[PDB]
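Enquirer: Following this message is one structure expressed as structure tokens.
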Amino acid sequence: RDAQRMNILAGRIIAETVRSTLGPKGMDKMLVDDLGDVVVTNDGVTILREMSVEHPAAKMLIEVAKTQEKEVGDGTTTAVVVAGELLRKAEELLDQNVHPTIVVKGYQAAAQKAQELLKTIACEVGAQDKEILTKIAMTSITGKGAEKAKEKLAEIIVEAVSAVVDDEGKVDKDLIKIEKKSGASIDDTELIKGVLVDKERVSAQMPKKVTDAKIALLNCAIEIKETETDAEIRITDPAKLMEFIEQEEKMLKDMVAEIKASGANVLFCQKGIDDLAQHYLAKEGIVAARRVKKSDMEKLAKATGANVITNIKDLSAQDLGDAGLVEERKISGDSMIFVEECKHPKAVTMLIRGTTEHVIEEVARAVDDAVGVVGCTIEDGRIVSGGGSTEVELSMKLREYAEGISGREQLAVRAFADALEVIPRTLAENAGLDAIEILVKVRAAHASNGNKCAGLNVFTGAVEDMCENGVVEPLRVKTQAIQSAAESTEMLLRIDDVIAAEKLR
């Protein structure tokens with residue numbers, strides 16, 4: 001057989017698994033492999049990476065899906081769930097002797113037509129009105145499941161992205177670091193100007209507070225030095241045992257002398273430190289940490305101005321860093337080092353605590369997406385009321401435009417319009433209310449001169465004003481998802497040649 005239907009049907013099976021996960025209180029499945037590791041997550045990207053595929057034509061949809069994950073993060077499920085509807089409606093078109101080429105031309109024309117529509121519906125907002133940045137945050141956090149400490153978590157994120165606003169009006173997501181650590185509860189979240197180092201000093205005799213501390217970036221294991229060649233040192237006489245081991249320690253004082261004379265105050269070693277070396281740095285009063293992974297040496301260098309140094313026998317003052325305060329307090333038992341710079345805080349760090357390891361993990365995945373969804377708005381300054389209301393408005397005006405196009409092309413244009421009403425349908429069944437009935441009332445609000453912010457509320461269950469409640473999203477999550485759906489639908493309608501090759505490289 002031609003096996004042409006097996007391609008369009010292969011993608012629908014993958015959409016049903018994710019269609020049920022779309023929504024605030026949407027359930028999830030668990031397709032664990034033959035290993036035994038059980039795990040559940042309310043995210044469409046976590047299942048695709050683990051879900052297996054049997055046919056080779058079920059991979060292009062996963063590759064394109066990962067593109068939006070590294071740009072906005074949220075909104076990938078809305079593109080794969082809607083694409084499956086175009087394939088289902090396409091089956092009805094093939095019955096009427098319609099070639100796929102005529103269907104592809106309708107999506108490309110309808111997709112581009114929806115671009116200019118979203119630009120006119122989007123309103124303008126300010127670049128500093130904090131009141132506008134508060135509603136956009138909770139709109140995405142409440143959907144993930146965090147009805148405990150949301151009124152305060154949104155204020156810790158909006159204040160962090162607003163402080164890292166460069167002169168060109170841009171925001172970066174790498175400068176914001178996250179650290180997970182179980183503690184008292186989630187309310188312990190607090191904003192910090194500097195960066196934290198989850199380590200404890202090896203001596204409580206260090207200065208409690210120091211102003212204008214010069215960072216000394218170290219990149220050498222503070223241990224006994226040995227020749228690279230195969231040649232050990234045999235000790236025998238009771239007198240020769242205090243030379244080969246003592247002379248090596250004298251080099252540390254000579255090394256610290258050059259570092260101390262340059263105005264140094266602290267130090268951070270990438271590797272561990274010898275047990276005997278911890279006694280001299282304590283009795284003499286020298287601040288220094290042990291084991292600093294590469295992930296930390298980078299942020300601590302560019303932030304404080306320090307540069308990477310390979311040779312320690314020439315650490316001049318120009319190579320040292322710069323900071324404002326270096327305090328190390330104890331909380332919840334363990335302690336942490338602080339490295340702030342009030343002169344020019346070019347980076348920030350937000351610590352998160354929790355009671356169980358599962359809580360700190362879920363909340364850690366939302367802080368990285370919340371800073372991205374709001375970053376695009378600060379740079380663009382345009383938002384559109386979401387809540388399943390943007391697609392409802394397109395299903396009313398696009399129908400009138402179909403009358404202009406004549407011939408056998410208007411069939412494909414209308415097929416794309418009636419396929420967008422599936423998003424609010426899933427939200428209806430998730431709340432336990434009928435869909436075909438409520439869809440008759442939602443259209444009454446958008447009759448003609450009615451408001452353009454009417455949407456369904458899963459909480460109350462009645463049509464209300466989505467603008468006053470706090471349901472709003474940017475304009476890039478919609479145009480990108482709709483554009484990605486049309487760009488991926490052609491991969492199933494244009495393909496046809498499927499020869500069983502061998503060793504194609």
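Letters A, B, ... go to the chains of the structure tokens in the order shown; residues in each chain start at 1; ligands are counted from 1 in the same order.
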Report as a Markdown table the residues of region 411-463 of chain A within 12 Å of region 68-79 of chain A, each with its shortest atom pair and distance in Å (one decimal), using only C-alpha atoms, ordered by chain and increasing residue number.

Expert:
```
| residue | atom | partner | partner_atom | distance |
| --- | --- | --- | --- | --- |
| A:420 | CA | A:78 | CA | 10.3 |
| A:421 | CA | A:78 | CA | 11.9 |
| A:422 | CA | A:78 | CA | 10.1 |
| A:423 | CA | A:78 | CA | 7.6 |
| A:424 | CA | A:78 | CA | 10.9 |
| A:426 | CA | A:78 | CA | 11.0 |
```

Enquirer: Can I get the selection written as a PDB file, in the first residue's frame, with N, CA, C and O atoms?

Expert:
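Writing the result to selection-v4.pdb gives the following:
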```pdb
ATOM      1  N   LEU A 420      -8.431  25.963  15.484  1.00  0.00           N
ATOM      2  CA  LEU A 420      -7.826  26.677  16.601  1.00  0.00           C
ATOM      3  C   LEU A 420      -8.689  26.665  17.855  1.00  0.00           C
ATOM      4  O   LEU A 420      -8.193  27.016  18.931  1.00  0.00           O
ATOM      5  N   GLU A 421      -9.957  26.274  17.749  1.00  0.00           N
ATOM      6  CA  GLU A 421     -10.859  26.229  18.891  1.00  0.00           C
ATOM      7  C   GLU A 421     -10.652  24.993  19.759  1.00  0.00           C
ATOM      8  O   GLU A 421     -11.411  24.787  20.712  1.00  0.00           O
ATOM      9  N   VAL A 422      -9.651  24.171  19.454  1.00  0.00           N
ATOM     10  CA  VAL A 422      -9.401  22.972  20.244  1.00  0.00           C
ATOM     11  C   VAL A 422      -8.665  23.292  21.543  1.00  0.00           C
ATOM     12  O   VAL A 422      -8.795  22.551  22.523  1.00  0.00           O
ATOM     13  N   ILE A 423      -7.893  24.381  21.574  1.00  0.00           N
ATOM     14  CA  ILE A 423      -7.171  24.739  22.795  1.00  0.00           C
ATOM     15  C   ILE A 423      -8.126  25.000  23.952  1.00  0.00           C
ATOM     16  O   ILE A 423      -7.975  24.360  25.006  1.00  0.00           O
ATOM     17  N   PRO A 424      -9.111  25.900  23.842  1.00  0.00           N
ATOM     18  CA  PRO A 424     -10.045  26.090  24.963  1.00  0.00           C
ATOM     19  C   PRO A 424     -10.914  24.877  25.238  1.00  0.00           C
ATOM     20  O   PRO A 424     -11.457  24.765  26.344  1.00  0.00           O
ATOM     21  N   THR A 426      -9.884  21.703  25.464  1.00  0.00           N
ATOM     22  CA  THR A 426      -9.187  20.862  26.432  1.00  0.00           C
ATOM     23  C   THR A 426      -9.295  21.438  27.838  1.00  0.00           C
ATOM     24  O   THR A 426      -9.429  20.690  28.814  1.00  0.00           O
TER      25      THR A 426
END
```

Enquirer: Using DSSP assignments from the backbone, pull out every residue in region 209-346 of chain A that falls under helix (DSSP H, G or I) and give it to me as a ChimeraX atom specification.

Expert: /A:240-242,246-261,277-283,294-304

Enquirer: Pick out the residues sitting within 7 Å of region 110-121 of chain A, and hand them over as a PyMOL selection string; count only C-alpha atoms, and ignore anything fewer than 6 positions along from it in its own chain.

Expert: chain A and resi 384+413+479+483+486

Enquirer: Could you tell me which of A:395, A:278, A:304, A:489 comes closest to residue 88 (chain A) if we count only C-alpha atoms?

Expert: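 Closest to residue 88 (chain A), using only C-alpha atoms: A:489.
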
Enquirer: Write out as an MDAnalysis selection string each polymer residue whose atoms come within 12 Å of residue 450 (chain A), counting only C-alpha atoms; drop sequence neighbours fewer than 6 positions from it.

Expert: chainID A and resid 393 442:444 465
